[PDB]
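Worksheet for the structure shown next.
Chain letters run A, B, ... following the sequence lines, proteins first and then strands; every chain starts at 1. Side-chain atoms are counted along with the backbone in the values below, which use heavy atoms only and exclude waters and symmetry mates.
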There are 2 protein chains.
Amino acid sequence: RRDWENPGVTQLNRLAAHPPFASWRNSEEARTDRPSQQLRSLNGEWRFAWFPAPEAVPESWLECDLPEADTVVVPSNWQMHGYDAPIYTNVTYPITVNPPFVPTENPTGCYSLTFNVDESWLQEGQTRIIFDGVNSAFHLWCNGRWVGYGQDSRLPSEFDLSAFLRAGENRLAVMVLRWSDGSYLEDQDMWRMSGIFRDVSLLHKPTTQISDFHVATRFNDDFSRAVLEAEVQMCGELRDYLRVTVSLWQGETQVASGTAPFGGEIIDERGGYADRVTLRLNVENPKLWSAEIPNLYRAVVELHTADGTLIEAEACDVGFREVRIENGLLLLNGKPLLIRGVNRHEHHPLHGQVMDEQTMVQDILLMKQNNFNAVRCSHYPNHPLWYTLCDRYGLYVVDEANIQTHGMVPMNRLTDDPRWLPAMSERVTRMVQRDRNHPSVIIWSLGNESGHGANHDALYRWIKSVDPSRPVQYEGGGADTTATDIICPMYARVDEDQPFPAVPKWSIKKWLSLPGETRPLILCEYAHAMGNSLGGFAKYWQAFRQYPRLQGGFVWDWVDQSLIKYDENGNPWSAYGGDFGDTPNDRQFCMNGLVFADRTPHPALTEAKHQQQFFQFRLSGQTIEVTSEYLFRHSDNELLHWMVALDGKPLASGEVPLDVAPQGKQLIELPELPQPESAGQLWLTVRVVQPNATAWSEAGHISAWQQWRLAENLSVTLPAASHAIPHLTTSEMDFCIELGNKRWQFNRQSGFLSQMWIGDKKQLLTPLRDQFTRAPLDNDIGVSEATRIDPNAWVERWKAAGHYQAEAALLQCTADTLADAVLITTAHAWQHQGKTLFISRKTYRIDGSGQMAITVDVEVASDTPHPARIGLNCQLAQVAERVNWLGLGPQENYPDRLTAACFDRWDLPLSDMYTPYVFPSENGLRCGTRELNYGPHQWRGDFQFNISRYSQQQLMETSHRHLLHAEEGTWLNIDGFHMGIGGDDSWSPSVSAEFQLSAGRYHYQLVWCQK
Amino acid sequence: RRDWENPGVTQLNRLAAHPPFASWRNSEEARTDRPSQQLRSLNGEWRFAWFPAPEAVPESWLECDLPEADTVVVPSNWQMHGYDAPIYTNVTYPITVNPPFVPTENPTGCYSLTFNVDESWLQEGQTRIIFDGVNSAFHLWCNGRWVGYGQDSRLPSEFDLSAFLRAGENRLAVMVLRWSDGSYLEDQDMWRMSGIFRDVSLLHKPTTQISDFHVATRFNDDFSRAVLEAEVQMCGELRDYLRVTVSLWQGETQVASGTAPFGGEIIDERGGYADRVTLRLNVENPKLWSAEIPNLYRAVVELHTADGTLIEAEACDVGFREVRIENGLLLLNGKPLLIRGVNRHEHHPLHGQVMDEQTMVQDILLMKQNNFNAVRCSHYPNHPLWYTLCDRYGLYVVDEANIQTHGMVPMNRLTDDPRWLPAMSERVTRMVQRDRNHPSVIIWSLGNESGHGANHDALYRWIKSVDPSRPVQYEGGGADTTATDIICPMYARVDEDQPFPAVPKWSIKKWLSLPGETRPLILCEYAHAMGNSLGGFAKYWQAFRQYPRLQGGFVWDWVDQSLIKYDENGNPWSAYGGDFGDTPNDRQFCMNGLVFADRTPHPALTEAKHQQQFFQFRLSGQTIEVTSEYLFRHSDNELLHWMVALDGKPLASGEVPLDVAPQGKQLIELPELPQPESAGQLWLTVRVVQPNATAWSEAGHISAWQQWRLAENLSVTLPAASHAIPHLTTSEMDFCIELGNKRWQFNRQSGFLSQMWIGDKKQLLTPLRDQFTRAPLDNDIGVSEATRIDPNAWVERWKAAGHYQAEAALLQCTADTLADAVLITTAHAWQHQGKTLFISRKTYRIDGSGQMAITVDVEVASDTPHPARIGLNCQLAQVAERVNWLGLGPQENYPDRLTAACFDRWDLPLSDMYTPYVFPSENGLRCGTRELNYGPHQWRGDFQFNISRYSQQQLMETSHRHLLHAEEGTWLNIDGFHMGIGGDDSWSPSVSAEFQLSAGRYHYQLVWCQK
Ligand SMILES: [Mg+2]
Ligand SMILES: [Mg+2]
Ligand SMILES: [Mg+2]
Ligand SMILES: [Mg+2]
Ligand code: NA
Ligand code: NA
Ligand code: NA
Ligand code: NA
Ligand code: NA
Ligand code: NA
Ligand code: NA
Ligand code: NA
């Protein structure tokens, strides 16, 4: 029959979808969410054999274990055990595009298990097997007898095994296909993996059973009264003595209870549902659920007889919350949401797409600790535990149907085809049937990047009909179609229009006010966090705060999709697409996360945390205004610490308790600050600290911060006249300057400081030279490759103009003796094929104090692409343990991503001054720096710098971070000016005009001396 | 696999649905709609073997013909050849209700055909088979090899046979199943038949082919400009030299043309459809399509090369029209429709559910001739030729999906179940894909009586998305749900509310103005035409005309669903449900047609014609005002004939051409009419006559009529005093009156006129007695049965009150002699077990002129159910050929169904005074009669009458019309008063209060004399 090549067959003998069941036979166990004896896990050691096609599977495998088979752990993806390569591709399909057919060579995973069943399970009731996730399709046998078939990798497939099992030993056989017609709806850009990758379980239900239940909560106008409505469905024989009781619990306190026999209200001419009942419980002053305060109740559904004998019980966590769009605003409990969201794929660097509790909790804690309140299930229903954890920890969830057809041409080719409506309907309907009782799910999504087809309109309406409690969104076909309640674009910019034909990405501010438009706007994807990125992140949040109908968005994305590989020595290294031998591939485009695969933060995470802060600050005189952005909670775990420092030297500090109502304001008057005697700039830093630990954070957690410049006292005092006078020694090749045992050598051929000496010790391994380039970031490169060059990309514009190739031509090199100093004057021109790109004019002034004052004035040809940087570089002989600077830090920061960084005195190990981006680039920059200290050296001015053991050349020429080698000495890059990093997306230039180096003429000055 | 018990499997290897194809290889043949050699009919003689189950089918049938098999005509229903019994059932399922399972005893029809295929068909291109209608499911084999599977009895199933066929002799094997999971969606109230009941064909297409095309017509504000947009899709290899030309023709004149290569506009980020193109043709002053003037163009779609070589051509008829709902009104071409509709099942008394052109054309002609402009496809897509004929003759069509689940408890059990959404979607989507190019289709329907479920809402939105040119309607779940653009109730009454729980049927006038309601109301079913019915029909049309938003409805229904059976002598008779040995059955509830199965009209059809007239009339003095109800056409085939008569005697007549604009008025001034010499009532009759023949009518066709009373001259002149004096003779048992040769005998024990003589000739066979009962109409009975009594039904109320058993008790019987007359005075009481139901007081006055004046005064007990009639009856000895009367006629007419009848002198054969309803009842009544003549007898007064060879007793006791026997003499029923017939529905009392005999006291008077 080849059911895996037929979209008319998505399942065979599969049971109906339903909310999580456990079939408790004790009500109290249901109430407390204790493990149920009737729900058994079949996870663990299974038998597995790989085959090139389903035709290669020997008939004997159905009857008994194959000797060639291995013992593997389930759940698992079989690629993670090295049976075949995990394929990765971005836009194009991993297979030949000819629907509904798949390749004849279809990797087949043969799973089997020998397991025990209690006789009590078979003497009464129903025994079913539950596969929470099988990728992408499977056939099931039990004791040699065929049971059924299933598709959709991301939802549970359940089969009745009551007629198949025997008491004692039984054997399952599961034939898993890598490719099916299901694969055409599963084109998410990620590692293409297969197998039994989610839990396998056995569930025993009584013959007379709860088959479905739906929980709704309606509210009065001010949410002081609620009605919990619970619809319960049954299967089996209806009897007059049957009853349903629904009880509601707040912790250990029962708040309400209701009992009724079966028999629903009349709904049409033929009567009503005899096999259903709806219970209604009044709740006075309900404790409302939100991400801020995840108040939960417990609902217990008891199926029983009139005399009080329990048949079975089911239960769920209930969150009293209302989600509605009104007057163009998404409201939760009557209040407008501001979505601090992120997209999160299910990814583990070691276990692939297998999810576990520890990884999930780790993600949620890190998200909430970094001021995220929302998550998008990109792009499929998640492991069932995810929702439980989001209910309890408090996160807003967008639950998304497992439908992506991004490789189709055009994108809507399947989704506009009525012949694919059945298969698509199943992916939407079975998701809703499973997850509808979770309070954390506030929005349904119809899938991702599948264009806009009629099937979307149909399924949009289906959800609106069955579940009016949640808005429906969908981005395909231009982000504002008739299939979405929310304008939900991907990578629409703040101020800049991108007017693509048919599917424009308008400025988000402009999009809101288009003729006739009234809906809220929440970006389903924004701020592409690929490599050194999140440039311009602050621009989004300023817009979100200013515009009521701009209600936030979901960052792309949470975690790098890298996998661990082992070299010749067996050492682990982070691998991306193309490293597993898969071709065609899309290189490092799978790594766009705010955290590394091991959940170590990227520098961008702190920028996200700062901008997503829940308290806003203003300073007027001595008064600090604190405004709460919380909608529900008072600031009952918040203390404001303030500190005033003169150039990093602390002068005054204090702490004030925060007492701010939701949306409220608190004024804090600072005490009289003493005027410092010394020159310099006073800086005020405030931080919000959480004194008490929570479910999601430790005691002392910092949740918010802000800085201001206070009084500045400019230095007017002249330094004391120096006793020593520097001497100029002139040879043919060199201008030399001597001061005691110190020496500065300027090569007259090159026109650069070629060496410095302190006694017999040399300071430089490479001369001090101008630098106008950086090792290209992911955003500089875009989609440009060696075989497919994108001439628009920043790196290619730099390469074509000769920026990386330009040679310094000496125009001038003179030396003059002043009264108290030696003045070296130089001029250079960087040319490429007759074209002067840059001109650098310098003076070097060395006086008796041992200070070298360097003045730099650069010309940049108006018609050359704006340079990545304007600065100097050298390789220092010194290798020191610590780096000490007065400037923005402590973390890496760039001009369009420095809001999170604070001005202060910072001291870090040299290793912290390098960011280990998997794909090496310009990294570790610190801006707004007024003083830098490294070993004996001190640099003073107003500059940007990075400092590491890796040259810009090595970073540029090395593909992976694990292939990098520490060079001799220390490479220093000191920039007068540095270009923004961008990141609005990673496939087109995204650096905003104000962060491009376009002024034409630039000036900076430095002082180099010994500390 | 048992695919016929799986709602997830509705087809295997079935090709996509599409508009009618013929694959012409000649453009002129496509333009002219001539037969195509590439479309071959496989209709004719096939081989057939019946089996009790699919398991009972021998494996040799796949390869070789069975000797036990018979030769049958295809298309056919196998129940019509007597293989098994055609089951009839209304609300209940004919099978055990256990979805998706069907009975193990599942009658299986094995069809096979051996046929020739020419090598040329297989050498190149694609050969497909098309089964237009197979009931209910089937597997297909070709030359022993399995091809595919299909469900949905009412749409074509198509399969590619290109790889299966061989040059020369080929054999098809079709295993048809009576029951499948498809049956759960096919629970229409009709005969349950099966087999290959629509056409079978072979279609040859090239490999590079037109695979789909859609035609839209859009207009400017005043319909003076139009754009025809034609989307053309292809299959096969795309080449740059490929072209599509769409040409539009008005007869033999090409009005527009457009040519383009393949490649549609960009629709998303992935581009557009390379295999599609859209052509736009401008049309100035288009001739518009309507039911009034069915103007058609021909669109020809040519697939060709750039150098001019035709590959293939497809085509369709195009009607330029716009259907939209605006401000609560359904509009066609800017004008509000008034739907004069009827429901039409596909039924033939000899061929069952097999349809032919002759029958279809016969139905359409009769419909249009009786002023119908609309048809509802109750309850499934029709034979493809139906739409062609409606396009060409001009009828508005509601195309309805083959979805009915009336037997489900509750009615929406399947339609609210997402697991049934795939199967339901196919029934909707494949209908739209087939029929979307037909201009006659103006409204889509989601099916019938399937409650309201979320699946309806999903499919409603699907249609709205893919085809915004047509409104969507659906009655289920209360007629006004979110799945309907039109309030479309079944059997909602005009003034009377029926407030059923959950699904009330409001008064249609009330329904429109319910809080928040804005939609149009068109009844999907109304005026149930079961037996002697359509009482109160005029009430609907008065309402339709008065209320803008009441836009008509569809009568239930067109044709009686009786079948032909034969007796011992081979004489045919009409059989209903239960006559074919099927049980449980719903008796004569299959016969609700306006015409008999052979298309002979019921009397009700003339009432429909008159009420649905397109011209309205008013009279003011001498002025006749004629108002056109046409929306588009001038009255360019209409002449007004007027006649003035005095008690049936013509005094003046004339004719005036009608020249009335649509919606316009014409005033016609009648000439000076001379005052008559005689006493009596002048009557004016007008009729609209069509002088010219049309496509749908003959010359002289009468389309409209109306009558008014003019001047009346009351008779004041005393008749010449009669010389003869009647004489009274008294015995103990009789009062006898003598006048020359004439004798009247009144029995003194009974109190009735027992005999009359003229010479030796006796006039009566049964005495003249009061009658208060009628042989019960289908409406009087409702759903009441002998085993299941409905005590609310009129017949049961009458029975329980003793009306049929009432025995006359004599209270008074006297004889008086007047100067010139004999006076007989009588009084009777009708009592049932001590209770007096009626009292009748009479006088009989016989004077010297031979005239017997009868005065009747009746008392009806206020607490007895209102009587069916208040009259007299007798069995006359005479059998005469003709019946002549001055009153309403010529056809049968009742108090609530007499608007179509005209007051004139009528003369018919006796047999025309009996209406042969298949289920015998009171019939043949004529109302408002002032004079009746039969043989030697004349009756004068103001009465209702019927006259036949059948007593009320025989009509009541005889089940079928073919079992009736002419009794001796002639049964005369003369009523002072007669109850209404009702018919708003036929399962509850429907006789309106104004037509019930509730006055308590009644008076009428008759004169009986010799003519
Ligand atoms: Mg399949
Ligand atoms: Mg700041
Ligand atoms: Mg089926
Ligand atoms: Mg009239
Ligand atoms: Na906002
Ligand atoms: Na990605
Ligand atoms: Na606090
Ligand atoms: Na690199
Ligand atoms: Na109307
Ligand atoms: Na019927
Ligand atoms: Na005329
Ligand atoms: Na009868």
Side-chain angles (χ1 to χ4, degrees), chain B residues 17-36 38-39 203 205 209-219 223 225-235 242-262 264 276-290 293-304 308 310-323 333 384-385 387-394 397 399 432-442 466-470:
Chain B
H18 57 83
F21 287 165
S23 191
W24 286 285
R25 311 300 167 82
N26 178 289
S27 299
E28 181 70 8
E29 280 187 11
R31 186 186 72 82
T32 55
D33 202 36
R34 290 201 293 268
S36 169
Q38 293 69 239
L39 177 63
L203 178 74
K205 302 270 271 175
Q209 58 178 235
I210 304 158
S211 52
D212 200 359
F213 66 96
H214 310 148
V215 177
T217 60
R218 279 169 31 250
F219 303 90
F223 298 86
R225 299 182 83 188
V227 178
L228 183 149
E229 187 171 297
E231 177 181 306
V232 184
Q233 309 179 4
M234 69 82 76
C235 281
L242 289 181
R243 300 285 186 277
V244 176
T245 295
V246 176
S247 176
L248 189 71
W249 300 79
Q250 170 58 44
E252 68 166 22
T253 308
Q254 184 194 277
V255 300
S257 193
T259 305
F262 280 102
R276 295 182 195 185
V277 57
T278 299
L279 291 150
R280 291 176 176 86
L281 314 182
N282 297 322
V283 180
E284 307 298 313
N285 305 115
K287 303 187 90 179
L288 303 175
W289 185 96
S290 61
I293 317 170
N295 294 309
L296 292 167
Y297 292 74
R298 186 78 172 174
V300 178
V301 182
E302 295 170 297
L303 176 64
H304 59 95
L310 188 71
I311 298 161
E312 66 160 359
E314 300 292 0
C316 72
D317 297 332
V318 173
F320 279 80
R321 93 279 179 270
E322 183 202 81
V323 194
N333 305 330
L385 192 59
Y387 308 90
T388 313
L389 295 169
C390 289
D391 284 350
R392 290 168 189 180
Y393 284 99
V397 178
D399 207 5
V432 171
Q433 286 180 304
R434 189 191 75 163
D435 296 346
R436 65 178 302 160
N437 292 333
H438 286 287
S440 66
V441 181
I442 61 154
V466 302
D467 184 29
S469 72
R470 298 171 177 94

query: Going by atom types only, do B/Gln38 and B/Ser36 share a side-chain donor-acceptor pair under 3.5 Å?
result: yes
query: Ignoring hydrogens and geometry, is there a side-chain-to-backbone donor-acceptor pair from B/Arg218 to B/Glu322 under 3.5 Å?
result: no
- prompt: Are B/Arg31 and B/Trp249 in a cation-pi setup, meaning NZ or CZ lies under 6.0 angstrom from the ring centre and within 45 degrees of the ring axis?
  reply: yes
- prompt: Does CD belonging to B/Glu284 count more than 12 external heavy atoms closer than 6.0 Å?
  reply: yes
field: Minimum side-chain heavy-atom gap B/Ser469-B/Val323 below 4.5 Å
entry: no
- request: For side-chain contact (heavy atoms from CB on, under 4.5 Å), just list the numbers for B/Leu281 and B/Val227, CA-CA rounded to whole Å, side-chain angles, deciding distance to a tenth of an Å, and then say yes or no.
  value: CA-CA 6 Å; B/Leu281 314 182; B/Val227 178; over 6 Å; no
task: Run the numbers on B/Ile442 and B/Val397 for side-chain contact (heavy atoms from CB on, under 4.5 Å), then give the verdict.
output: CA-CA 6 Å; B/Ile442 61 154; B/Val397 178; over 6 Å; no
field: Those residues that, when tested against B/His18, pass ring-ring contact (aromatic ring centres under 6.0 Å, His included) (two or more places apart)
entry: B/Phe21
field: Least distance between heavy atoms, B/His438 atom then B/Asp391 atom
entry: ND1-OD2, 2.7 Å
- prompt: If only atom types and distance count, is the side chain of B/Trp289 paired as donor or acceptor with the main-chain N or O of B/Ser440 below 3.5 Å?
  reply: no
- request: Supply the atom-to-atom distance B/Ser27 OG to B/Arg25 CZ, rounded to the nearest 0.5 angstrom.
  value: 12.0 Å
- request: For residues B/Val215 and B/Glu229, determine if any side-chain heavy atom of one lies less than 4.5 Å from a side-chain heavy atom of the other.
  value: no
- prompt: Any side-chain heavy atom of B/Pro439 sitting closer than 4.5 Å to one from B/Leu296?
  reply: yes
- request: Using atom types as modelled and distance alone, determine if a side-chain donor or acceptor of B/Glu302 lies under 3.5 Å from a backbone N or O of B/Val246.
  value: no
- prompt: For B/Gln250 and B/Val255, which heavy atoms make the closest approach, and how far apart are they?
  reply: CB-CG1, 3.9 Å
message: Looking at every non-hydrogen atom in both residues, tell me the closest pair between B/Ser23 and B/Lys205 and how far apart they are.
response: CB-CD, 3.6 Å
Intermediate values then yes/no, side-chain contact (heavy atoms from CB on, under 4.5 Å), B/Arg225 and B/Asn282: CA-CA 8 Å; B/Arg225 299 182 83 188; B/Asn282 297 322; 5.7 Å; no
ring-ring contact (aromatic ring centres under 6.0 Å, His included) against B/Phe262, all qualifying residues, sequence neighbours excluded: none
statement: Smallest heavy-atom separation, B/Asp435 atom then B/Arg470 atom, equals O-NH2, 4.2 Å
message: Measuring only between side-chain heavy atoms, which start at C-beta, is B/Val232 closer than 4.5 Å to B/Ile210?
response: yes
query: So how far is it from B/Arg298 CZ to B/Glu252 CD, rounded to the nearest 0.5 Å?
result: 15.5 Å
- line: Minimal heavy-atom distance between B/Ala313 and B/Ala30, with the atoms involved, is CB-CB, 3.9 Å
- line: dist B/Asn333:CG -> B/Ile293:CD1 (nearest 0.5 Å) comes out at 10.5 Å
message: So, taking the atom named CG in B/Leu279 and the one named CD in B/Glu231, what distance separates them when rounded to the nearest 0.5 Å?
response: 10.5 Å
- line: Here the pair of heavy atoms bringing B/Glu312 nearest to B/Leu310 is O-CD1, 3.7 Å
field: CG-CD distance between B/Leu303 and B/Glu314, expressed to the nearest 0.5 angstrom
entry: 9.5 Å
- request: Could you tell me the separation between the CZ atom of B/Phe223 and the OG1 atom of B/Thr217, rounded to the nearest 0.5 Å?
  value: 9.5 Å
- request: Please report the C-alpha distance between B/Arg434 and B/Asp399 in whole Å, then the side-chain angles of each, then the deciding distance to 0.1 Å, and finally whether the salt bridge (charged side-chain N to carboxylate O under 4.0 Å, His left out) criterion is met.
  value: CA-CA 11 Å; B/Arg434 189 191 75 163; B/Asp399 207 5; 5.1 Å; no
Exam field: side chain B/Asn295 to backbone B/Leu288, donor-acceptor pair closer than 3.5 Å: yes
- prompt: Any chance the side chains of B/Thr245 and B/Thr259 put a donor and an acceptor closer than 3.5 Å?
  reply: yes
message: Run the side-chain contact (heavy atoms from CB on, under 4.5 Å) test on B/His304 and B/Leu242 for me, step by step, so that the C-alpha distance in whole Å, both residues' side-chain angles and the decisive distance to 0.1 Å come before the verdict.
response: CA-CA 6 Å; B/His304 59 95; B/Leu242 289 181; over 6 Å; no
Any donor-acceptor N/O pair, B/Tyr297 side chain to B/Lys287 backbone, under 3.5 Å: yes
message: What I'd like to find out is whether the side chain of B/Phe213 reaches to under 4.5 Å of the side chain of B/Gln233, using heavy atoms alone.
response: no
message: I want to check something: taking the side chain as every heavy atom from C-beta on, are B/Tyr387 and B/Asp317 in contact at a cut-off of under 4.5 Å?
response: no
